[PDB]
Amino acid sequence: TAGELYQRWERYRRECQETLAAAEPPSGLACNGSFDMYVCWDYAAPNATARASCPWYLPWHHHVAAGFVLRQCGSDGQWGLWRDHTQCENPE
Amino acid sequence: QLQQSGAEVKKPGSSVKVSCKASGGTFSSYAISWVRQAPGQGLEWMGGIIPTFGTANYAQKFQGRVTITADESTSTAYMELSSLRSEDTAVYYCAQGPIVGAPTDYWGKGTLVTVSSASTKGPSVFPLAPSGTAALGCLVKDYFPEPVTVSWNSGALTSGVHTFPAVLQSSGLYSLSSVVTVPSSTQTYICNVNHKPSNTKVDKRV
Amino acid sequence: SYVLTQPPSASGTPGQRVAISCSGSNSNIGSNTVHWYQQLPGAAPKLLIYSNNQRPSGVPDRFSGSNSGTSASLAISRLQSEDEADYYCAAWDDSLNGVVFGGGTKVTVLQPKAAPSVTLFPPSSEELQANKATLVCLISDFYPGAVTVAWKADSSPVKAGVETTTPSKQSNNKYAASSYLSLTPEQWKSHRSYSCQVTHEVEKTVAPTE
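If you read the sequences in order, they're chains A, P and Q.
Going by PDB author numbering, the first residue of the first sequence is number 31, and it counts up by one from there.
PDB author numbering puts the second sequence at residues 3 to 133, 140 to 193, 197 to 217.
PDB author numbering puts the third sequence at residues 1 to 201, 205 to 213.
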């Protein structure tokens, strides 16, 4: 039921949060470790594609558990505009 | 970030289905929630659905009225409202989000649904200002539905143009008026009014 | 069907803290985290604070969320002009299904008080000719935006049959309202005069004739 899924989302962050709070920023320039509310992201290497685990709060998790959300990091080290959501979602 | 269907006018006891059209890709993954706002009032949650997963979610009190569904291909999620009401006159936004109960950072422009028994009708214009500056203008009377665009002199007259929002007097009919402010000074002034729904345009002098 | 935002409105002065409380029951705020949306005139709602005082991209630390134990609170700790808007708090509800909103709170910032300008027009000749008559009283540039309108048929008697709009904020930093009185060419031609009296914040009256 919706209530349960929602509570689970509420957990997936406040987890991403404390990791991010535990995590100390890289030496060189990198995209901020941050919570976009959908997936949780690592600090990203400069000018690289960041890989994220398929979120667990997401139903149909286990199908996609191994999968990744690919999101590119800027030249600057600014987080890019768009996300690549697949391996994390394919219920069919 | 989602383009909705566009305004709707419907009579009570009827049904309207408005569309929320998402990104060609990146669609099925997130929850789509519908919220409505009656003009001048606060938000009301209706329901939400993860487009490609399970069944839609709803709130109580819409019972057998709102149906939220989604389509695989067109990557659009529509929603339908039956047994329409005046209390249903509002604007309907579709906000994207991670899950159904969760908050939404991505909204749409919203689609306004007006509901009244009033028939489609064009206005009638009357010259104002029998007339220390000068104030003149045109009264646009008894039309429906909104809006009406009011211009001055085939355009190119604005400075001092105030158009007052329409009053709804309860015939079901809307009425407004526009005023140009000016120097008292021989130049002929004519207001060009337009109401598209009834396809009625008028030019009348002063 | 509403977690009550305590406030229909709340005031504030630039550079000071403004707090909007939102009360609830234990199936909603007690049992979950409260969100906060900012809607602007003519605009769609905008996510301000999600999940108990966390924030999304590009939202200054000015805004802050509160406990949720019984009622929550939003705190805008240094005010601005662009901060005047509707603010709707939100939470999921355990007892009865999905999310519920609050009544919202329009927040106010403080500018100079203006004096309403009313122009009053007689029915057009061309309209009278149509056997309809409308007196039209227009009101502009009055802050704050609350005005009341009293119509009078000839000398004193009051008038029931009118229709008045609401004080819309439009154009430049300010509000207007139009008011119509519908009469018949006889009721028109039958009175010594007519008065539109706009009372705001004091009294102004204007009087066409015939």
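By construction, the Cβ of each residue, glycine as well, lies at the ideal position given by its N, Cα and C atoms.
Per DSSP, which one or two residues make a beta bridge with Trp36 of chain Q? Q:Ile49 and Q:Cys89
Could you check if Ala91 of chain Q is buried or exposed, using at least 16 other CB atoms within 10 Å of its CB as the buried criterion? With 16 or more Cβ atoms within 10 Å of its Cβ, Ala91 of chain Q is classed as buried.
Using a Cβ-Cβ cutoff of less than 8 Å, which residues in the same chain neighbour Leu35 of chain A once the five nearest sequence positions on both sides are dropped? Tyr87 and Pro89
Chain A beta carbons: is any one of them nearer than 9 Å to that of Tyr50 of chain Q? yes
When the Cα of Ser186 of chain P is compared with those of P:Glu74, P:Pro129, P:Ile51 and P:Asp150, which residue comes out closest? P:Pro129
Which whole-angstrom value is the C-beta distance of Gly110 of chain A and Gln117 of chain A, which I expect to be below 8 Å? Actually they do not touch by this definition, with Cβ atoms about 18 Å apart.
From Q:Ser155, Q:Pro167, Q:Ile49 and Q:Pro45, residue whose alpha carbon lies closest to that of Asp86 of chain Q: Q:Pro45
Is there contact between the stretch 74-82 of chain P and the stretch 13-25 of chain Q, where contact requires at least three CB pairs shorter than 8 Å? no
Residues, ordered as in the chain, of the stretch 181-199 of chain Q that lie near chain P by beta-carbon distance below 8 Å: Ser182
Residue from A:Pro56, A:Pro55, A:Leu50 and A:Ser105 with nearest C-alpha to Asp66 of chain A: A:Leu50
Would you say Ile201 of chain P lies against chain A (beta-carbon separation less than 9 Å)? no
Beta-carbon neighbours of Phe128 of chain P, restricted to chain Q and to distances below 7 Å: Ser124, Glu126 and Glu127
Determine whether the Cβ of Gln54 of chain Q lies closer than 9 Å to any Cβ atom of chain A. So yes, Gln54 of chain Q belongs to the interface.
Taking all protein chains shown into account, do 16 or more other C-beta atoms lie within 10 angstroms of the C-beta of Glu46 of chain P, making it buried, or fewer, making it exposed? Its Cβ being crowded by 16 or more others within 10 Å, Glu46 of chain P is buried.
Own chain, CB closer than 6 Å to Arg216 of chain P, minus 5 neighbours either side, in chain order: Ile201
Please go through the same chain and pick out, in chain order, the residues whose beta-carbon is closer than 6 Å to the beta-carbon of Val127 of chain P, but skip the five residues on each side of it. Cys146, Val148, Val204, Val213 and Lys215
Using a C-beta to C-beta distance shorter than 7 Å, which residues of chain P count as neighbours of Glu119 of chain A? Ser30 and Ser31
Amino acids of chain A, ordered along the chain, whose beta-carbon sits closer than 7 Å to that of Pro100 of chain P: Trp39, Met67 and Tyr68
CB-CB under 7 Å to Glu127 of chain Q, same chain, minus the five flanking residues each way: which ones, in chain order? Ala133 and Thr134
Please tell me whether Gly63 of chain A has its Cβ less than 9 Å away from any Cβ of chain Q. It does not; no Cβ of chain Q falls within 9 Å.
Could you run through the stretch 75-109 of chain Q and flag, in chain order, every residue whose CB is less than 8 Å away from some CB of chain A? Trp92, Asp94, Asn97 and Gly98
Proximity test, Cβ basis, 9 Å: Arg81 of chain A and chain P: no
So within the stretch 53-103 of chain A, which uninterrupted beta strand (DSSP E) runs reach at least 3 residues, ignoring any that extend past its ends? 79-83 and 98-103
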